[PDB]
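Engineer: Chains as they are written, first to last, in UniProt numbering: chain A, 301 to 623, 641 to 676, 689; chain B, 447 to 494; chain C, 14 to 68, 77 to 245, 253 to 300.
After the structure tokens below, expect a handful of questions from me.
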Amino acid sequence: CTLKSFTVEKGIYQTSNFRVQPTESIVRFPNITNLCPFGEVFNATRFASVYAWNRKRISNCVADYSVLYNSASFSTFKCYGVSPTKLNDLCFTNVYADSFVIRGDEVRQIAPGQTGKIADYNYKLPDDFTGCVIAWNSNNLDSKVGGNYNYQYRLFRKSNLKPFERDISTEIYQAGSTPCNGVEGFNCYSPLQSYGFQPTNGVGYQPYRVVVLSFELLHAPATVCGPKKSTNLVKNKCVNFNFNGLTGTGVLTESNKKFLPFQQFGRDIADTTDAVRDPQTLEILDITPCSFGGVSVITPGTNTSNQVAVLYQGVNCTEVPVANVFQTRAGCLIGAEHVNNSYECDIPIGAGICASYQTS
Amino acid sequence: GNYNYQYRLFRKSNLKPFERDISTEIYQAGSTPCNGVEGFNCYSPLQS
Amino acid sequence: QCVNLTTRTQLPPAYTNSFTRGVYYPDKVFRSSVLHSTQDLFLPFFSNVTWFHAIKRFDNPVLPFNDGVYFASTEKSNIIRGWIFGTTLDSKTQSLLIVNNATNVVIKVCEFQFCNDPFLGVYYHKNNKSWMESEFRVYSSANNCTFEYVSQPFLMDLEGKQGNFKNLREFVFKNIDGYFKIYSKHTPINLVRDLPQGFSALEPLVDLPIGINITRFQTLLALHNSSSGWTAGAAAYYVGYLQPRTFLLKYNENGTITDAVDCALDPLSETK
Ligand SMILES: *[C@@H]1O[C@H](CO)[C@@H](O[C@@H]2O[C@H](CO)[C@@H](O)[C@H](O)[C@H]2NC(C)=O)[C@H](O)[C@H]1NC(C)=O
Ligand SMILES: *[C@@H]1O[C@H](CO)[C@@H](O[C@@H]2O[C@H](CO)[C@@H](O)[C@H](O)[C@H]2NC(C)=O)[C@H](O)[C@H]1NC(C)=O
Ligand SMILES: *[C@@H]1O[C@H](CO)[C@@H](O[C@@H]2O[C@H](CO)[C@@H](O)[C@H](O)[C@H]2NC(C)=O)[C@H](O)[C@H]1NC(C)=O
Ligand SMILES: *[C@@H]1O[C@H](CO)[C@@H](O)[C@H](O)[C@H]1NC(C)=O
Ligand SMILES: *[C@@H]1O[C@H](CO)[C@@H](O)[C@H](O)[C@H]1NC(C)=O
Ligand SMILES: *[C@@H]1O[C@H](CO)[C@@H](O)[C@H](O)[C@H]1NC(C)=O
Ligand SMILES: *[C@@H]1O[C@H](CO)[C@@H](O)[C@H](O)[C@H]1NC(C)=O
Ligand SMILES: *[C@@H]1O[C@H](CO)[C@@H](O)[C@H](O)[C@H]1NC(C)=O
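So this is what it looks like as structure tokens:
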């Protein structure tokens, strides 16, 4: 097929370059670390309303999501940027966390580009919003038997405010153009109205505890993203590895060399990576490429016979099955029987070894 | 409100070129399986 | 309160030359018995480093900042404590504070207000030679801020006047694409206080991922109440500016830098 002909004459040919096939792949990265203390916020004494929802800055920590996400302790969930399943893989420079408790009957107005009492006066989101919004049913504790009127919400507002621009001043709202005189008067309203949450409330009237997690992109280096896993290392196999973001394929072996406690990567004069420090345990490993070499076919002319021999170059042929035998300095040759007798060369192989056709 | 048009907001992952889905079974956002058709993470795979 | 000093002396910028200094590890890579060539920001050889004497006698103006800086000081009893970083440093732009305590050093990135002479003077007490600090008057509180960090301190010996100044602190500060990188080394000498010959490598210490525009900085040093009101001992330091150049470096067998040469100095160097 290679020679593009139906006749082959005496002589060795080269083709079909050979390389060992890897088995599996591995990942190895530093231990879990300063995880963010957002749990105490979720497990706090007093939670916020929608007029003054808790806005907090989160940075310089890892925020565990999957354990909290897949836990059944949530009610509804909506990520607007990407699939939540890979939330751990996107890193945020800084996270704006917005935690509050409201009545679920207006939860549809939480989403950006929605109209409602809570989506027009106090709580707003931009059209290009990205952050994820999570809500949990919380009628058990937020509700009060006598009516939890400590909670309040911005009932009124003259002009709609920009997203994330909370106003906590409670100046007497002027419904009409008539001037307002005194603390209370005609066309004078209290902007904040008290929530009513009770165990006797039905669906929607049950309070919802909601967290919205927006974040800033690329103006400063990303810092906050979920934890990442790893698998136990293996040795003496041509495998794939992702060490400190460097992906490679090779065989891992122990090393007698000693790095400085600050360098991680070993390089040669040819400027390629050959020694790596494990991130979990402090040790130094050498990387050897798994074997590769072109194949040679030795054959008399197809006029004579059809039997052939195969030579693997630069391969110890204890490693041939992973793809009569005889090893020479040029590689391992199979299909031919070597003899103690000596003749003149007919077809050369190398290192003084020549092959020929002779009787049987 | 012409909500007559839907779109598959929820799916396992991306798809090959030139395939379409008709199945509308309950989504599984959480690793915990959702028995029945309701509960936590038991979302419909469509949005209006 | 904002206390200011009256007993200090101003001196013209003294000129000195390092003859070998300003070499650090450019990255985290192991190389053995090899010669490498790299292009990066280094302190030019044989340059005009500026010498400031702080011996009662203060000399700490605001110095320009560009492409990092090289700061080297020898001093015993630890009168130097840190620095500040920013562009206007007046309660309206993000500011950075470095201050080395005998306890764990603290790193802060916040808004800040500053006095005309802010410092961390320690009142001398006859009861204990290493008395606690008294007047640390830099700021009370500006507002909500961004970044806080704590780490172990760098040196020791709050007191001592040994004949051989075992304290040589060399630092290089860089700020690249939102990372503030610090390279540090602490080496002793037993000879004259001037810049030594020889060769040494500055191992990397830390990088802080905040991301700000820094254009000016100022050093922070403490002060004693020992005599005549406010009088300190003897201290000095040297400031030098970086430039983009290509260096040739020699990694030894053990993996440690042993020699370097500048490829823009003289024809012999570049033909090397
Ligand atoms: C908030 O408090 C609840 C109540 O204890 C925590 O829920 C428990 O969390 C521990 C942590 O491992 C689990 O072992 C328990 O099984 C949980 N309780 C139940 C009933 O399953 C919750 O974890 C706390 N929040 C955070 C972020 O830790
Ligand atoms: C500390 O909080 C104050 C109050 O929210 C912040 O000042 C406000 O910042 C927003 C965002 O630019 C402005 O719209 C307001 O006008 C600011 N208020 C005033 C009175 O000027 C301030 O930015 C916060 N500091 C930090 C470092 O985040
Ligand atoms: C570089 O490493 C070698 C070994 O990897 C060090 O050689 C050892 O040195 C100690 C003290 O001089 C001897 O006790 C050992 O017998 C030496 N072992 C070998 C194998 O040489 C060498 O000291 C290191 N370089 C420096 C500057 O210390
Ligand atoms: C084989 O070789 C002989 C002589 O060299 C020739 O006559 C014959 O045609 C050849 N056969 C084929 C199939 O090439
Ligand atoms: C092949 O491998 C075996 C065992 O690993 C060894 O004894 C032999 O010397 C090797 N031969 C070559 C040519 O590498
Ligand atoms: C070649 O001769 C040696 C020595 O006589 C013997 O050990 C070996 O088995 C012989 N090999 C063959 C293939 O005849
Ligand atoms: C460096 O300092 C020396 C000594 O003061 C001076 O002669 C020389 O001109 C200076 N070179 C500069 C400033 O480039
Ligand atoms: C940061 O400071 C620079 C230098 O004065 C100035 O352009 C501006 O104040 C800031 N620029 C950017 C890009 O942040």
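A virtual CB, placed ideally from N, CA and C, is assigned to each residue, including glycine.
Could you tell me whether any non-hydrogen atom of ligand 7 is closer than 7 Å to the CB of A/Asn394?
Structural biologist: In the first sequence, counting from the first residue as 1, residue 394 of chain A sits at position 94. No; taking the cut-off as 7 Å, the Cβ of A/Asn394 has no heavy atom of ligand 7 nearer than that.
Engineer: Enumerate, from N- to C-terminal direction, the unbroken beta strand (DSSP E) stretches of 3 or more residues contained entirely within the region 381 to 425 of chain A.
Structural biologist: 394 to 403
Engineer: On the criterion of 16 or more Cβ atoms from any shown chain inside 10 Å, does A/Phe592 qualify as buried, or is it exposed?
Structural biologist: Start at 1 with the first residue of the first sequence, and residue 592 of chain A comes out as number 292. Counting the other CB atoms within 10 Å of its CB gives A/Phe592 a total below 16, which places it among the exposed residues.
Engineer: Any idea which residues DSSP pairs A/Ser316 with across the strands?
Structural biologist: Residue 316 of chain A sits at position 16 when you count from the first residue of the first sequence. BP columns for A/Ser316 are empty, so no partner.
Engineer: Please look up how many angstroms separate the CB atoms of C/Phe194 and C/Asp228, rounded, as I've assumed it's under 8 Å.
Structural biologist: On the third sequence, position 173 is the one that residue 194 of chain C refers to. On the third sequence, position 207 is the one that residue 228 of chain C refers to. The Cβ separation is near 11 Å, so there is no contact.
Engineer: Please decide whether B/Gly476 counts as near chain A, where near means a Cβ-Cβ distance under 8 Å.
Structural biologist: As a working note, residue 476 of chain B is residue 30 in the second sequence. It does: the Cβ of B/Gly476 has a partner Cβ on chain A nearer than 8 Å.
Engineer: If C/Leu56 sits next to C/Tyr91, beta carbons under 8 Å apart, how far is it from one beta carbon to the other, in whole angstroms?
Structural biologist: Within the third sequence, the letter at position 43 stands for residue 56 of chain C. Within the third sequence, the letter at position 70 stands for residue 91 of chain C. 5 Å between Cβ atoms; contact.
Engineer: Check for me: the alpha helix (DSSP H) holding A/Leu368 runs from which residue to which?
Structural biologist: By one-based count along the first sequence, residue 368 of chain A stands at place 68. First-last of the alpha helix (DSSP H) with A/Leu368: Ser366 to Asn370.
Engineer: Does C/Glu224 get closer than 8 Å to chain A when you measure Cβ to Cβ?
Structural biologist: For the purposes of this step, residue 224 of chain C is taken as the residue at position 203 of the third sequence. Answer yes: the Cβ-Cβ gap between C/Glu224 and chain A drops below 8 Å somewhere.
Engineer: With 8 Å as the threshold, decide whether the Cβ of A/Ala372 is near any Cβ in chain B.
Structural biologist: Residue numbering aside, residue 372 of chain A sits at position 72 when the first sequence is read from its first letter. With 8 Å as the cut-off, A/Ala372 counts as an interface residue toward chain B.
Engineer: Using a Cβ-based criterion (distance less than 7 Å to any ligand heavy atom), does A/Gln613 qualify as near ligand 5?
Structural biologist: Along the first sequence, one-based indexing puts residue 613 of chain A at 313. A/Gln613: no, Cβ never under 7 Å from ligand 5.
Engineer: Please say whether A/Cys538 and A/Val551 have beta carbons closer to each other than 8 Å?
Structural biologist: Locating residue 551 of chain A in the first sequence gives position 251, where the first residue counts as 1. Locating residue 538 of chain A in the first sequence gives position 238, where the first residue counts as 1. Taking 8 Å as the Cβ cut-off, A/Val551 and A/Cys538 qualify as a contacting pair.
Engineer: Quick one: Cα of B/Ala475 to Cα of A/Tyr365, how far?
Structural biologist: Locating residue 475 of chain B in the second sequence gives position 29, counting from the first residue. Locating residue 365 of chain A in the first sequence gives position 65, counting from the first residue. Computed Cα separation, rounded: 13 Å.
Engineer: Can you name the start and end residues of the alpha helix (DSSP H) that C/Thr299 belongs to?
Structural biologist: Residue mapping note: residue 299 of chain C aligns to position 271 of the third sequence, counting from 1. Taken as a continuous stretch (DSSP letters only), the alpha helix (DSSP H) holding C/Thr299 covers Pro295 to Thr299.
Engineer: Does A/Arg355 get closer than 8 Å to chain C when you measure Cβ to Cβ?
Structural biologist: Position 55 of the first sequence, counting from 1, holds the residue named residue 355 of chain A. A/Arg355 does not count as touching chain C.
Engineer: Within 8 Å of any Cβ in chain C, is that where the Cβ of A/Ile569 sits?
Structural biologist: Translated into the one-based positions of the first sequence, residue 569 of chain A becomes position 269. Yes, contact with chain C.
Engineer: Is A/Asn536 near ligand 5, in the sense that its beta carbon is under 7 Å from a heavy atom of that ligand?
Structural biologist: In the first sequence, residue 536 of chain A corresponds to position 236, counting from 1. The answer is no for A/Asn536.
Engineer: Under 6 Å from any heavy atom of ligand 7, by CB: list those residues in chain order, please.
Structural biologist: So the residues near ligand 7 by this Cβ test are C/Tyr28 and C/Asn61.
Engineer: From the DSSP secondary-structure annotation, give me the bridge partner or partners of A/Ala435.
Structural biologist: For this step, residue 435 of chain A is matched to residue 135 along the first sequence. DSSP, once it has assigned bridges, lists A/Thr376 and A/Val510 as partnering A/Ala435.
Engineer: What's the C-alpha gap between A/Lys386 and B/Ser459?
Structural biologist: Here residue 386 of chain A refers to the residue found at position 86 of the first sequence. Here residue 459 of chain B refers to the residue found at position 13 of the second sequence. Looking at the two C-alpha atoms, the distance is approximately 11 Å.
Engineer: Is there at least one Cβ from chain C nearer than 8 Å to A/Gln321's Cβ?
Structural biologist: Counted from its first residue, the first sequence places residue 321 of chain A at position 21. Cβ-Cβ to chain C under 8 Å: no for A/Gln321.
Engineer: Quick check: is any heavy atom of ligand 8 less than 7 Å from the C-beta of A/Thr547?
Structural biologist: Stepping through the first sequence from its first residue, residue 547 of chain A is reached at position 247. False, no ligand heavy atom lies under 7 Å from that Cβ.
Engineer: I believe A/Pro412 touches A/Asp427 by the beta-carbon criterion, under 8 Å. Please report the beta-carbon distance rounded to the nearest angstrom.
Structural biologist: Mapped onto the first sequence, residue 412 of chain A falls at position 112. Mapped onto the first sequence, residue 427 of chain A falls at position 127. Correct: roughly 6 Å between the Cβ atoms.
Engineer: I'd like to know if B/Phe486 contacts chain A, where contact means its C-beta is closer than 8 Å to some C-beta of that chain.
Structural biologist: Your numbering for residue 486 of chain B matches position 40 in the second sequence. It does: the Cβ of B/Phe486 has a partner Cβ on chain A nearer than 8 Å.
Engineer: Three-state secondary structure (DSSP) at A/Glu484?
Structural biologist: On the first sequence, position 184 is the one that residue 484 of chain A refers to. It is coil, neither helix nor strand.
Engineer: Does at least one heavy atom of ligand 5 sit under 7 Å from the Cβ of A/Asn641?
Structural biologist: Position 324 of the first sequence, counted from the first residue, corresponds to residue 641 of chain A. Ligand 5 has no heavy atom closer than 7 Å to the beta-carbon of A/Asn641.
Engineer: I need the DSSP call for A/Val445, collapsed to helix, strand or coil.
Structural biologist: For this step, residue 445 of chain A is matched to residue 145 along the first sequence. It is coil, neither helix nor strand.
Engineer: Comparing the C-beta of A/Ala647 with each C-beta of chain C, is any distance below 8 Å?
Structural biologist: In the first sequence, counting from the first residue as 1, residue 647 of chain A sits at position 330. Cβ-Cβ to chain C under 8 Å: no for A/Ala647.
Engineer: Roughly how far, in whole angstroms, is the beta-carbon of C/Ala222 from the beta-carbon of C/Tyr28, given that I think they are within contact range, below 8 Å?
Structural biologist: Taking the first residue of the third sequence as position 1, residue 222 of chain C is located at position 201. Taking the first residue of the third sequence as position 1, residue 28 of chain C is located at position 15. Rounded, the Cβ-Cβ distance is 26 Å, inconsistent with contact.
Engineer: If you measure from the CB of A/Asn606, is any heavy atom of ligand 4 nearer than 7 Å?
Structural biologist: Taking the first residue of the first sequence as position 1, residue 606 of chain A is located at position 306. No, the beta carbon of A/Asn606 sits no closer than 7 Å to any heavy atom of ligand 4.
Engineer: Should the region 421 to 435 of chain A be regarded as contacting the region 391 to 411 of chain A, the criterion being three or more beta carbon pairs within less than 8 Å?
Structural biologist: Between the region 421 to 435 of chain A and the region 391 to 411 of chain A, the count of C-beta pairs closer than 8 Å reaches three or more; the two stretches touch.
Engineer: First and last residue of the alpha helix (DSSP H) that includes A/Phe342?
Structural biologist: In the first sequence, residue 342 of chain A corresponds to position 42, counting from 1. Per DSSP, A/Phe342 belongs to the alpha helix (DSSP H) from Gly339 to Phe342.
Engineer: Nearest to C/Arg190 by CA position, among C/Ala288, C/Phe86, C/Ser255 and C/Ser94, is which residue?
Structural biologist: Reading the third sequence from its first residue, position 169 is the one you call residue 190 of chain C. The residue with the shortest Cα to Cα distance from C/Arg190 is C/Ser94.
Engineer: Just to confirm, are A/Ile664 and A/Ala647 a CB contact at a threshold of 8 Å?
Structural biologist: Residue mapping note: residue 664 of chain A aligns to position 347 of the first sequence, counting from 1. Residue mapping note: residue 647 of chain A aligns to position 330 of the first sequence, counting from 1. Not a contact, by the Cβ cut-off of 8 Å.
Engineer: Which first and last residues belong to the beta strand (DSSP E) in which C/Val289 is found?
Structural biologist: In the third sequence, the residue the question calls residue 289 of chain C occupies position 261. For C/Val289, the enclosing beta strand (DSSP E) covers residues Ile285 to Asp290.
Engineer: So, at 6 Å on beta carbons, what are the nonlocal neighbours of A/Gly601 in its own chain, with the 5 sequence-adjacent residues on each side left out?
Structural biologist: Start at 1 with the first residue of the first sequence, and residue 601 of chain A comes out as number 301. Excluding positions up to five away in sequence, the list reads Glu309 and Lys310.
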